[PDB]
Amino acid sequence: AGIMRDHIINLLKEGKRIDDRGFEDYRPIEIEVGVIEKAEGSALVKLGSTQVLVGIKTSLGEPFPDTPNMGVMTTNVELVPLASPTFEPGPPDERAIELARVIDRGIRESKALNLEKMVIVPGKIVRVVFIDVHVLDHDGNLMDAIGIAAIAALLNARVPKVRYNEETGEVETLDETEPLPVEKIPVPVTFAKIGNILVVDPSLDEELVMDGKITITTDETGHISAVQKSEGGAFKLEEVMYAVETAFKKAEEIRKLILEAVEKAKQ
């Protein structure tokens, strides 16, 4: 398949991609939230044939020593052997680690999940949010698909109302649910640089020939909460400038779909 760099490269030169997308088009997007009923939150996301499932699970626990003020958020990506022949049984490899870390960071750094509004008793009892990413099919652009599924799944989440009883000192978990304090919708927008052209949402085939990849995660307030150039290759400042700008625009188109899918599920 080194035959295929040449093909993809020459097609680009003629302004085309292998599946007839523009350089700024995403493949068809399917977002569906609420799909794992037993989870507190969930989302199934398809970027073309790329499929990822996120589950939100919450429990109550101790906060971290240094932040007794804050609830806990933790992101794990499983690159399941079933998703890809390049995925192997065992602990996260660096791909799984870097995707997890970048998706967490865009959320955390935007305070998209407001950890301060997750305290039950300061220093002792906080809500602990597990964002558990399950990659079901890898056909390109896990970064975006993952970040999409994760924020979509936070917004889907309904966690049980918890009450701290003052007379008893105890913490009552009520049957009534409520949303998580999700206050922003960060969305990663990823570009493949192949030669001298950047292309949004690369498929597998484009990732196999790209030089390098850059992810810009933006929210609806026009801020950036994560940038990650990944793999090899090099970018020009202006390609970086271009990517930042284009990302905000793709992020708003995607945020809108995230929002519909979120609402379609409370019906």
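The numbering used is simple: start at 1 and walk along the sequence shown.
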Quiz item: If you average the CA temperature factors over each stretch, which comes out higher, 212-220 or 62-70?
Solution: 62-70
Practice problem: Could you check the entry and say whether 185-193 or 160-168 has the higher mean CA B-factor? | Solution: 160-168
Quiz item: Whose C-alpha has the highest temperature factor in the PDB entry: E109, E78, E94, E88?
Solution: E88
Exercise. Sort the modelled residues of this chain by their C-alpha B factor and say whether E116 lands in the lowest, middle or highest third.
Key: middle
Quiz item: In terms of the chain's CA B-factor thirds, is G123 lowest, middle or highest?
Solution: highest
Practice problem: Among all modelled residues of this chain, ranked by Cα B factor, put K236 in the bottom, middle or top third, i.e. lowest, middle or highest. | Solution: highest
Quiz item: If you rank the chain by CA B-factor, which third does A83 end up in: lowest, middle or highest?
Solution: middle
